[PDB]
Amino acid sequence: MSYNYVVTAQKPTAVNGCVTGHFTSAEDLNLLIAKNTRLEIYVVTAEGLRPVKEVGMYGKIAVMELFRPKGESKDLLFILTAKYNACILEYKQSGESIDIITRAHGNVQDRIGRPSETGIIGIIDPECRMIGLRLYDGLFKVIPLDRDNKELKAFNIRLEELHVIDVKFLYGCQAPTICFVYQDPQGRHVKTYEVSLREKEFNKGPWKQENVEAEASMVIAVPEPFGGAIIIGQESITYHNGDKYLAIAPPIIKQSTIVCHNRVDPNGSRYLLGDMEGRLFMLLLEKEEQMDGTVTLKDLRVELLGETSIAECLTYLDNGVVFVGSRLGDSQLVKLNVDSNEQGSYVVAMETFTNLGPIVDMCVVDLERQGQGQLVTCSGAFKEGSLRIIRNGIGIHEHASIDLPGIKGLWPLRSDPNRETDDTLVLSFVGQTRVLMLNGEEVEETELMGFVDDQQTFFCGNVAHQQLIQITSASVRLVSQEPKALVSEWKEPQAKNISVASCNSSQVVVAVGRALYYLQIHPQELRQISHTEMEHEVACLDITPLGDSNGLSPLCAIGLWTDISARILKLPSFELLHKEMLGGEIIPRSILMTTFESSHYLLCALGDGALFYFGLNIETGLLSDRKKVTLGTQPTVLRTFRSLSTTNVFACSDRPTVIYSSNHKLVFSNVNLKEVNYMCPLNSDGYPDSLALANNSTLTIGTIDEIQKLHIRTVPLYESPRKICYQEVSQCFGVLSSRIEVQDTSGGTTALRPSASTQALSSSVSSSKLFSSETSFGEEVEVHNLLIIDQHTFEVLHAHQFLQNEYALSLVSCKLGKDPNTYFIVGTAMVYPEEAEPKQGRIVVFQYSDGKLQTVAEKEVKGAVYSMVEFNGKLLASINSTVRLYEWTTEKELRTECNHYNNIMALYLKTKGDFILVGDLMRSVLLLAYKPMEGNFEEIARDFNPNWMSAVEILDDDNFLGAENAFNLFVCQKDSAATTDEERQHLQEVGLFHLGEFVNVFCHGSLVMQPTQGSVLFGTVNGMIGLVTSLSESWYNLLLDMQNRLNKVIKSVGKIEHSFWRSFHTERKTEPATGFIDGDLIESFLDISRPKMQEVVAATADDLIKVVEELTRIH
Amino acid sequence: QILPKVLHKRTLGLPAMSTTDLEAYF
C-alpha cells in the first residue's frame, strides 16, 4: 500500500579499522581501510597512497584480518558482518579486471544467546591452523582451516568466563595457544589456555594466571625474539613472557587515554601508540644479548612524539610515514623527522582526508536566492568539530556577465608577438565573425583590416611561428601580423561552402562536400598536402597534440551525420584504419579526442544529450569500454578548457556539467548555470583563470573551484557544534557549540586552548536571577556557547555565553503573535553530574541588533526542552514526556494554554496542517490533533509493539515515517476500516527495511534545483546522507519485479542473498522487505555489464535504464 | 546514565549504554 524509495547521497567517511599486509602480491605493501559497509584497498609508494579497489558488502563489517596458510604466495582475508555472516575472501588480479572471490561462505548465527558489549572479535593463528571468534558470552567459536570445509563449519566451546574484552593468539608456541583478558568480579585478568581441535576442549596454557591493572583493554603479542605479550592501560605498559615480569608507569598518561597500536619493528623493538586527543607516541624495547641464551629485554621507555587528530586506527607504514585513522575528525598522513624542529616535534604532514563525522544536526539554507539551497551541518568533535557547507555542484564567481544573444563562435587572438597572456578576444554572431580588443576590464570594438567581417568562419586563432590563420567556407588564407596585413590568398577550387573544419594548436583540417582539403599551417605560406574523399558525408573532425609531438597529430577522427560512427584515420595520408559503428541516428554536432591520463579517451557528444565513448590509442587504437547513457534534451558540444596539468573538457547541454576523471573513471559533476552554447579560454592578467563562454542570450565568465560532485568547505572553529538555525533578515546564522575545560586548584578554571568560544569580537554572559542552590579541585567541566556567524564571510560576528554548565539543547528562529520582529529562541537544561533526569530549563528569546545581542524574556520551564517548533503563530514545545503550546502576547510575554502528559520521553516532534507526530524514545510514533473550537489536544491514532525510534517525520497528511536504533526504517499507515470504537487508535506498519545505519536528524528540503512525491534528507553517524520519497502503484510493481529479477542473480562478495540483508531485522522480530524500493540495488543496476543485462529480464532494457536514470537525479 | 549526554554519545557514535538497561530502568 505505502510505496517508498530510499537511496544514497554521500557514502560514509568515518574509519572503523585499518590493517596492512600482502594482497596485491607477495612484494607489495597494502593498506586496508574498512568503512561501515565499504572496503577499500591502498598500496604503498614512496610519496603516499593510491586507490585500487572499492567494494560494498550486505552487512556491517566487524572483523578484518590477514593470514598466511602454508603453500601460497599471498595472504587471505576473513570478514564477519553484524548479522554474523562469515566469509573467506582473497585477491585475484587476472588481467586488467580486478575481482575478489569467495573461497568460503557460511553463517555462524545461533538460536539461543545474547549479543554482548565490545562487539565481535576475530583473531587468527600465527601458523594459520584455525580462526577464533567471540560472538556470544561464555561461548567461543572455532573454525577449522583444513583443506576441506568449504562451508565454514564451526563448533562451540564453553567458557568459565562470560565478559571478554580482548583476545589474541600467542607467538612461538608448539600448538595453537590463546592468551586473553576478561572481566569478572574482583578486577580483570589475563590468563591462557590450549586448544585441542581433535577433542574440542581447552587444556592448559604455557603459564599461570596473574592480575592486571583495573582498566587494561589492549593486548599486543610480541614476535619470536622476545615472545609473550604487551599489556596497555592507564599508567601501565607491561611485558609478560612465562615467568619474566616488568613494567613502567610514565607520568604523562594521566590526562588522556591510548586507543590503537601498530608494531613498528618486525623484530619488535619500537611501537606506535595513539592517544584519545592527538599526541602520537613511541615506545622503546631495550634488549640485551645473553652470553649463550636467547635475547631478552631490560626495560621500557616512552617519549612525547608529536601532534595529530583523534585516532581510531593507527598503522606505522614504513620509513617514518604513518597513517592516522580518525573517526571523529579529519584523518591525516604524517612524516616523522630524524631531527626535532622548534618546540621539539618530529612530525610533518603531507595530506589530510575530509570526514563529515557524526552529523549532529543540519539545516537547508538558500544563500544566493535562486531555486537551490545548500546544506550546513554540525560536524566533527572536540578538537576537529567544524562547520561544513555542503554544496551540490561548483559555485560560479561572475565578474562580467552581459545579456548577449546567441553566439556561434568566440575566439581569442594575440595582437603582439608571442608575449605572455593574450590581449584580444574575437566574437562571432549568427552569420559572421567580429574581433574585439581586451585592454582590461572594459570591452571595445576594433575591426582589423586583414580579416573578414560579413561571413562566418570556423577557425580564427593562432598555431605558431608568427602568423595568423583564416579558415573559411569561401577561402583559406594566412595573415601576417607585423604589418597586420595580408600575405597570400587561396580559395577552394570547387566554390562549395564548407561543412566543418578543425584546428587547435598547429594545423588546420577542413572538410568540403564529400572530400577534405588539408594543409598544416606553414610559416607565411600554405600548400595542399593531403586529400581523400570519404565514402559518406563528413560531420565532424578533431586534430590535437596527444603527447610527444608539438601539435602534429598522427591520427584524425571523422564524424558522420545520419548513422553515427567513428573512423580512426591517419592525418598525413588519410588512409583507412578501422571502422566502428555507434548507436542512434539523431544528429551529432561535435566530437573530441583528448588526453587526461595514460589511457587516451575520445568523447563524442550526441544530439539527445547522450554522451558516448569509443577507445583510441596512438599506436593501434583498439576499442575500449562502451556504455549507453543519456542526458539533457538539448544537443551537446564538448570543447576543452584549461584547469590543471591533467586539465579536462567541458560541455554544453540543458545545464552545464563538467566531466572529471579522478583515477580512471569519468565523474559527472555539474555546475550552477542555466544554459550554455560555446566556449574558449581567456587567461588575462586581471582574469588569471577565467573562461570565455557563450549562451543563448547571456555571456558568463568566472573562476573554477573543486572537481568532485560535492563541494565541502571546512570552516575550522575548534568548536563542538550541536544545532544550527537560519534567520534571514538578520543576515547571519545561529549555531550552538560547547567547550572542554578543566577546573584548576584555585577553584576557578582558566582555559585549555584558545577558542572562538572566548576569542569573540564581542562577548556577553547569561545573567539569570532564578537559579540558587560539588565541583572538585581537578576535573572536567563543560561550557556552552551561542555563535552568530556572518552569512557571507563565515566569521564569528558575535558569541553569547550561556550560564555556567547550562547544557543547551534546542534552537529556533520565528515570528510569534503579532510581533513583526524575528528572534532567536533557545531551550536549555541545567544538567547535574549527580542526578539522572533534567528537572528544569529556560526558554530565552534573543534580539540581535545592528551589532549587539539583547535578551527579552526567560519564562523558566519545568524540564528539558528536546524539541520545539512554531505551530501556526504559537510556540509548540516538548518537555519531559509532555507536549505544550504557547502564546505570544502584546506585552512581550508567554503563557500556557493546554497540556498533555500521557507519553514517556516524547523527544522528536514534527507538525503538518493541524496534526502532530510525536516521536518517542521507546514506545512508538503517535499522533495528536489540535482541536480549535474548545482548544486542546485529542489523540487520533497510536501504535503498539514498541520500537526504539531515532528519527521521526511527517511524509504526507495520511502516512507517517520513523527510524529506530536497530538500523531499520518503516513507513506507517492509517487503516481504513469501520467500527470506529477502538481499532481506529491503531496505526499500520506497511513497509519494512534494514537501512543499516543510525539516523540523527530528518529535514524537509532538497539539495537540487527547485516521478515521485515528497522529499526528505537525513544524516547518519558514519557521515552518510540519505533520502526517502513515496511512490504510486505502477513504478512500485515494476521495480519490485525488477528487484526480484536482479537479486536472484547478483553475486555478493560473500554470496549472501540480497533478500536476507535488505530484510527487516530486530532483536526480537524479523520479516522480509515490503512496501519499499532499494536505491542501492536499483542504481547498482548500472555497474552490471551489457550481456548480463540481456540475461536481465529481457519489455526491454532501455525502458528500464531510463527509469533508474530518472530515479537517480532526485539526490 | 544521565540521559542528555548518553544520547549525545549515541549521536556521536561513541559506545552508549545498552537499550536493555533503559528497558529495565523504564
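Residues numbered from 1 in each chain as written, not as in the entry; some residues may be left out. Chains lettered and ligands numbered in written order. Heavy atoms only, no water.

What the deposited record gives as its method is cryo-EM, and the resolution it gives is 2.68 Å.

*Asks:* How should the overall build of chain A be read in this particular structure?
*Replies:* Within chain A, the regular secondary structure consists of 5 helices and 85 strands. Computed over C-alpha atoms, the radius of gyration of chain A comes to 34 Å, within 12% of the 32 Å expected from 2.2 N^0.38 for 1115 residues, which places it in the range of a compact globule. Overall, chain A is about 105 × 95 × 70 Å in size when its C-alpha atoms are taken along their principal axes. Expressed as a percentage of the 1115 residues in chain A, the buried residues total 53%. (Helix = DSSP H or I, 4+ residues; strand = E, 2+ residues; numbered from the N terminus. Rg over C-alpha atoms; globule rule 2.2 N^0.38 Å. Buried < 20%, exposed > 50% of the residue type's maximum accessible area, 1.4 Å probe, protein only.)

*Asks:* Before we go on, may I ask you to explain the pattern of salt bridges in this structure?
*Replies:* A side chain with one charge may pair with a side chain of the opposite charge, provided their charged atoms come close. Residue and element names in this part refer to chain A. Under the defined criterion, the tally for this structure stands at 30 salt bridges over all chains. One salt bridge in this structure joins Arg-270 and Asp-265, with 3.7 Å as the shortest N-O distance. For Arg-270, a relative accessible area of 39% translates into the label partly exposed. With a shortest N-O distance of 3.6 Å, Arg-327 and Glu-312 are connected by a salt bridge. Separated by 15 residues along the polypeptide, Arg-327 in the loop between strand 27 (321–325) and strand 28 (331–336) and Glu-312 in the loop between strand 25 (296–304) and strand 26 (313–318) bring together distant segments of the chain. (Salt bridge = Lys/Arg side-chain N within 4 Å of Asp/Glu carboxyl O.)

*Asks:* How should I be thinking about the packing of helix 1 (residues 1033–1047) of chain A against helix 5 (residues 1102–1112) of chain A in this particular structure?
*Replies:* A pair of packed helices is captured by two measures, namely the crossing angle of their axes and the spacing between those axes. Residues and elements named next belong to chain A. Running from amino to carboxyl end, helix 1 crosses helix 5 at an angle of 110°, the nearest separation of the two axes being 12 Å. Overall, the two elements helix 1 and helix 5 adopt an arrangement that is roughly perpendicular. For helix 1 against helix 5, the interelement crossing comes out left-handed. Of the residues in helix 5, those touching helix 1 at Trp-1035, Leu-1038, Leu-1039 and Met-1042 are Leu-1104, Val-1107, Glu-1110 and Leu-1111. Residues belonging to the contact of helix 1 with helix 5 are distributed by class as follows: 7 nonpolar, no polar and 1 charged. (Axes fitted to C-alpha atoms, helices over the stretch in contact; angles between N-to-C directions. Parallel < 35°, antiparallel > 145°, perpendicular 65-115°, else oblique. Left-handed = near helix turned anticlockwise from the far one by under 90°. Contact = heavy atoms within 4.5 Å. Nonpolar A, V, L, I, M, F, W, Y, C, P; charged D, E, K, R; others polar.)

*Asks:* Honestly, the state of the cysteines in this entry has me stumped. Any pointers?
*Replies:* Two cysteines, two sulfur atoms, one covalent bond between them: this is a disulfide. Residue and element names in this part refer to chain A. One pass over the full model with this rule turns up 1 disulfide over all chains. A sulfur-sulfur separation of 2.0 Å characterises the disulfide bridge that pairs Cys-18 with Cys-313. When the S-S torsion is -105°, as for the bridge of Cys-18 with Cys-313, the disulfide is left-handed. Note that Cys-18 is positioned in strand 2 (residues 17–21) and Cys-313 in strand 26, a separation of 295 residues in sequence. In this pair, the class of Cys-18 matches that of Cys-313, namely buried. No disulfide involves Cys-898; its sulfur sits 17 Å from the nearest other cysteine sulfur, which is in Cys-814. By relative accessible area, which is 5% here, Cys-898 ends up buried. (Disulfide = S-S within 2.5 Å.)

*Asks:* Help me out: how do you make sense of the nonpolar core in this one?
*Replies:* If you look at soluble globular proteins, the nonpolar side chains tend to sit buried side by side. All names here are of chain A. Grouped together as the largest cluster of nonpolar side chains are 31 residues, with contacts concentrated most on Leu-1046 and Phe-1085. If you list the elements that add at least two residues to this core, you get strand 1 (3–10), strand 83 (999–1004), strand 85 (1025–1031), helix 1, helix 3 (1079–1084) and helix 5. By residue number, the principal contributor to this core is helix 5, which donates 5 residues. The residue makeup of this core includes at least three contributed by each of domain 2 (719–1010) and domain 3 (1032–1115). If sequence neighbours within four positions are ignored, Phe-1085 has contacts with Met-1042, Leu-1046, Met-1093, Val-1096 and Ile-1105. (Core = buried A, V, L, I, M, F, W, Y, C linked by side-chain atoms within 4.5 Å. Domains from an automatic or database assignment.)

*Asks:* Honestly, the interface of chain B and chain A in this entry has me stumped. Any pointers?
*Replies:* Think of interface size as the accessible area that goes away when the parts come together; that is how it is often given. With 17 residues of chain B in contact, the opposing surface of chain A contributes 23 residues. Between chain B and chain A lies a buried interface of about 1,700 Å² when both sides are counted; carbon and sulfur atoms form 70% of it. Our count for the contact surface shared by chain B and chain A stands at 0 salt bridges. Where chain B touches chain A, the interface holds 3 residue pairs in polar contact. (Buried area = accessible area lost by both parts, 1.4 Å probe. Polar contact = N/O pair within 3.5 Å; in protein donor to acceptor, adjacent residues only side chain to side chain.)

*Asks:* So what exactly am I meant to see when it comes to the sheet that holds strand 2 of chain A here?
*Replies:* Where strands meet in a sheet, backbone hydrogen bonds hold them as pairs that are either parallel or antiparallel. Residues and elements named next belong to chain A. Across the sheet, which stays open at both edges, the 4 strands sit in the order 2-3-4-5 with antiparallel pairing between neighbours. The sheet is open, and its two borders are formed by strand 2 and strand 5 (51–56), each paired with just one other strand. Going across the sheet, the axis of each strand differs from the next one's by a mean of 15°, ignoring polarity. As judged from the 5 bridges shared by strand 4 (residues 38–43) and strand 5, these two strands associate in the antiparallel manner. Bridge pairing links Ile-41 to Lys-53 in strand 5. (Pairing = 2+ DSSP bridges.)

*Asks:* What is the right way to read a nonpolar patch on the surface from this model?
*Replies:* Residues and elements named next belong to chain A. Residues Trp-561, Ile-586 and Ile-587 make up a contiguous nonpolar surface patch of roughly 280 Å² in combined accessible area. One can find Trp-561 in the loop between strand 46 (555–558) and strand 47 (565–570). We classify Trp-561 as partly exposed; its relative accessible area is 39%. (Patch = residues over 30% accessible without salt bridge, like charges linked within 9 Å, V, L, I, M, F, W, Y side chains within 5 Å. Areas by Shrake-Rupley, 256 points an atom, 1.4 Å probe, with all protein chains shown as cover.)

*Asks:* I'm lost on the packing of aromatic side chains in this one. Help?
*Replies:* Within a pair of aromatic rings, the relevant descriptors are the distance that separates the centres and the angle that separates the planes. All names here are of chain A. The tally for this structure, following the rule as stated, stands at 19 aromatic pairs over all chains. An angle of 65° between the planes, with centres 6.0 Å apart, marks the rings of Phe-23 and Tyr-91 as edge-to-face. Of this pair, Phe-23 sits in the loop between strand 2 and strand 3 (30–34) while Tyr-91 sits in strand 8 (residues 86–93), placing them 68 residues apart in sequence. Note on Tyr-91: relative accessible area 11%, which makes it buried. (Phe/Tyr/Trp six-rings, centres within 6.5 Å; stacked < 30°, edge-to-face > 60°.)

*Asks:* When you look at the domain arrangement of chain A in this model, what are you seeing that I'm missing?
*Replies:* Residues and elements named next belong to chain A. Entries for chain A in the domain assignment read domain 1 (396–449 + 533–569 + 576–707), domain 2 (719–1010) and domain 3 (1032–1115). The distance between the C-alpha centroids of domain 2 and domain 3 comes to 38 Å. Counting from both sides, the interface comprises 13 residues of domain 2 and, opposite them, 17 residues of domain 3. The contact between domain 2 and domain 3 buries some 1,100 Å² in all, and 66% of this surface belongs to carbon and sulfur atoms. Three residues, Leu-992, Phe-993 and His-994, lead the burial of domain 2 against domain 3; their summed loss comes to 56% of the area buried on that side. At the junction of domain 2 and domain 3, the tally comes to 0 salt bridges. Scanning the region where domain 2 abuts domain 3 turns up 4 residue pairs in polar contact.

*Asks:* I would appreciate a short explanation of the pairing of strand 16 (residues 188–194) of chain A in the present structure.
*Replies:* Two faces make up the sheet, and in a regular strand the side chains alternate between them. Residue and element names in this part refer to chain A. Buried residues dominate strand 16, accounting for 6 of its 7 residues. Summarising the sheet, strand 15 (residues 177–183) and strand 16 pair through 7 bridges and their orientation is antiparallel. Across the sheet, residue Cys-179 finds its bridge partner in strand 16, namely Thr-192. The turn linking strand 15 back onto strand 16 is made up of 4 residues, and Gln-186 within it adopts a positive phi angle of 60°. As defined by bridge partners, strand 16 adjoins strand 17 (residues 210–211) across 2 bridges and the pair is classed as antiparallel. Residue pairing across strands places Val-190 opposite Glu-210, the latter belonging to strand 17.

*Asks:* Hey, could you run me through the environment of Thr-700 of chain A in this one?
*Replies:* Residue and element names in this part refer to chain A. Within the secondary structure layout, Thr-700 lies in the loop between strand 58 (697–699) and strand 59 (710–711). Residue class for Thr-700 comes out buried when judged on its relative accessible area of 15%. Placed 24 residues apart in sequence, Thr-700 and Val-676 show a C-alpha to C-alpha distance of 8.7 Å. Discounting residues that sit within four places of it in the chain, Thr-700 has contacts with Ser-401, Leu-673, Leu-691, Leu-693 and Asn-695.

*Asks:* What am I meant to see in the side chain of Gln-466 of chain A here?
*Replies:* Residues and elements named next belong to chain A. Relative to the assigned elements, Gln-466 resides in the loop between strand 38 (457–459) and strand 39 (468–472). At a separation of 3.2 Å, a polar atom in the side chain of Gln-466 contacts the side chain of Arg-414. Within the local environment of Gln-466, its side chain forms a polar contact with the side chain of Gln-481, the two groups lying 2.4 Å apart. Non-local contacts of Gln-466, meaning those with residues more than four positions away in its chain, are made with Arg-414, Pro-417, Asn-418, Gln-481, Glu-482 and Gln-524.

*Asks:* What should I look at first to understand unusual backbone geometry in this one?
*Replies:* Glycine aside, the phi torsion of most residues is negative, and most peptide linkages are trans. All names here are of chain A. Positive phi values are uncommon outside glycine, yet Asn-149 reaches one of about 65°. Following the sequence through the fold, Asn-149 ends up in the loop between strand 12 (139–144) and strand 13 (155–158). Residue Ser-881 is not a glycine yet carries a positive backbone phi of 65°. Structurally, the position occupied by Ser-881 is in the loop between strand 71 (875–878) and strand 72 (883–888). On the basis of relative accessibility, which here comes to 19%, the residue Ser-881 falls in the buried class.

*Asks:* When you look at the sheet that holds strand 1 of chain A in this model, what are you seeing that I'm missing?
*Replies:* All names here are of chain A. With antiparallel pairing, 4 strands are arranged side by side in an open sheet as 1-85-84-83. Two strands bound the open sheet, and with one partner strand each, they are strand 1 and strand 83. For this sheet, the mean inter-axis angle between neighbouring strands, taken without regard to orientation, is 25°. Strand direction decides the pairing type here: strand 84 (residues 1013–1020) and strand 85, joined by 5 bridges, are antiparallel.

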